[PDB]
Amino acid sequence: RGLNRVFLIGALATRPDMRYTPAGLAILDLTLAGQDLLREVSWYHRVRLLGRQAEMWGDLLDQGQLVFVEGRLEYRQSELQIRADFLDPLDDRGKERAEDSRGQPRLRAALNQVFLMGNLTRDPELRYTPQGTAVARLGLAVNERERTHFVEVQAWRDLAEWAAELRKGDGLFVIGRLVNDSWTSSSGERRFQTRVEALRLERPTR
């Protein structure tokens, strides 16, 4: 059964970029930044709002603003983007921001949670770090009522060892955090990709 829900709370790293297609569809791209201590983790996630939910916040959001986004992952051949269905500005009373080397704000103790359910597209791939830590990498296919969204899921330690027994075709329920990799290809090609780091895994037997 398909499940694909994203919940994010962070600060706007920069003032959002609003544009319109020739047909009048509003597109609002935002960059949410947050960090937490699980191991200190930080993230910058690009989110896209469309239509009326986008126009609603046009010229109202500035860098630093804390926002809550409810959305979902959307796959395209590849690229996995974060689609915001709704955005809600939040009061920053009692909240603290960190500042990166570029002067951009990141919300401390931010929210980065995703719920996913689908089936494995292949058998799990497990490797061990020099220190002996287990790391599992899974390929997940999430159906939505019809298209399929492919998501790379990574798990650590016990969670990784639990996942190693899974096999292609198995159902998989995941609660995780969105993460991304960024680098420069052989040439100048600036690369970027989004994936999920599992916090909880279950095997639905529907």
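Position 1 is the first residue in the sequence shown; the rest follow in order.
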Gap size between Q53 and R52, counted in deposited residues that the entry leaves unmodelled: none
Missing residues, deposited sequence, between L60 and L61 (class: none, 1 to 3, 4 to 9, 10 or more): none
Entry-level comparison of average CA B-factors, 91-99 and 109-117, reporting the higher stretch: 91-99
134-142 versus 52-60 - greater average Cα B-factor per the deposited record: 52-60
Residue selected from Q154, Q65, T148, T31 by maximal Cα B factor: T148
Largest Cα B-factor, entry values, listed residues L178, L38, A26, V174: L38
Third assignment of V196 from its chain's C-alpha B-factors: lowest
Ranked C-alpha temperature factor of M18 among modelled chain residues, by third: highest
Position of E165 among the chain's modelled residues by C-alpha B-factor, lowest, middle or highest third: highest
Chain-relative CA temperature factor third for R122: middle
